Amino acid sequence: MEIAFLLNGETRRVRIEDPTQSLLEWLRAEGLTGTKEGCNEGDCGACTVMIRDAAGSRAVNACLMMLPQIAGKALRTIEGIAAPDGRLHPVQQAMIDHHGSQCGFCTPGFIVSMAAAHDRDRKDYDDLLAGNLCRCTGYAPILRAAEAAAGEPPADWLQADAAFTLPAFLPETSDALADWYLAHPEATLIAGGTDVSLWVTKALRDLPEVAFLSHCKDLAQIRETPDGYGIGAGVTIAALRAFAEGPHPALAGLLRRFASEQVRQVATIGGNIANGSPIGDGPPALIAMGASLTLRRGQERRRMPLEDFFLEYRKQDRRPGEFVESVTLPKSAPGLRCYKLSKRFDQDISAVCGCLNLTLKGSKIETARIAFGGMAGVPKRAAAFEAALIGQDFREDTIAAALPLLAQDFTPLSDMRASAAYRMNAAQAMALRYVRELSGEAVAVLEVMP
């Protein structure tokens, strides 16, 4: 099988034979030595590369991405960031001017992230560069660099790549996929690859039967439905954050702290949900907002509520040949709030994910959707706490009284991320939070002004 793509302004035809080779392995085997390896686990950004296509351009991790995924795309690496004639990008000159580097090892990845950001006139640096670890500089010098360079006009040589186009199954239609998965129920479905590629890099597994989903436009659509909003499985977390920014700010507030921008760009809801992981911050929020989920098995179209999908740790209501086709969200909350608790705010995982959503008939607590991640081998609603909260007054003590019930709802784990005591404690802490937030109180460190 043979793909084609733009590589640093120049069309390159690779002839695929191992479909699972990271973009990282491949670039450095080519001698494109400037893309560095820092962890091979999505965390550090040292391998940050720039990809473009009809959607535009974004910085992603070369180590998570596997070759087939860049077919028909335009790809820029560090060695291609500067102009053909030799001129430095405003981003590169800035970084020198402002001493944005010291040992250098993380400098290619920032530059790529900074260029791609410059290319899309994005200025939200804290978020754009959260996936870029630097152990040397304290990041300050890098923030100046970014600001410094933002005055400058975008690189046209970079923009030029837009012109472009304009073994392992690669379907383009949902149908095409259904039929195939129907015959090969035992195959591995790669969406964004952000969970899957760690089985190859870290777990050292070989994936025999492989099908890629990121080249299948109809599966990755946000459509409006009579009953709300239909989000397709292939929609990226970045996109889903973008869409929620209007209708569902609270979800967009939570998705902000989902991995980095470089994972968000390629990681999907379908994947997050098909992974089926107790610490996955997608389900908690979506269950709290009472979204439905859709499955498909060729022509099949089962349609349960999300929470019911997750039966036990490592086990979901998923048939052979059946793939997460989409989820549907209601037209609106706004009684939803989401709480991610981690050791460090940006790119970390949740000890506890508290997602709460109550409706109030004037004063009496009417509806109780309280959902959690990280408290149990499955994401689940706080049943007995939910029960013990209906009919009641919406006030501190109301909930102050109900709290213990969670200890019946869950029996949390202890591990490096947090002690069970604390995981419990913080789970209850979120309820006292919810009331306080919902009554005009100062509640969030992140919103505090220096």
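From 1 onward, residues are counted along the sequence shown.
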Gap between residue 166 and residue 167, counted in deposited residues with no coordinates, falls in the class 10 or more
Avg C-alpha B-factor, entry values, 178-186 vs 340-348, higher side is 178-186
For 237-245 versus 298-306, entry-based mean Cα B-factors point to 298-306
From 126, 195, 317, 147, the top C-alpha temperature factor is at 317
Reading the B-factor column for Cα atoms of 137, 363, 275, 265, the highest value belongs to 363
Of the three thirds of Cα B-factor ranks in this chain, residue 40 occupies the lowest
Quick tally, chain-level thirds of C-alpha B-factors: residue 61 sits in the lowest
For residue 411, the third of its chain by CA B-factor is the middle
Split the chain's modelled residues into thirds by Cα B-factor; residue 392 lands in the highest
Of the three thirds of Cα B-factor ranks in this chain, residue 104 occupies the lowest
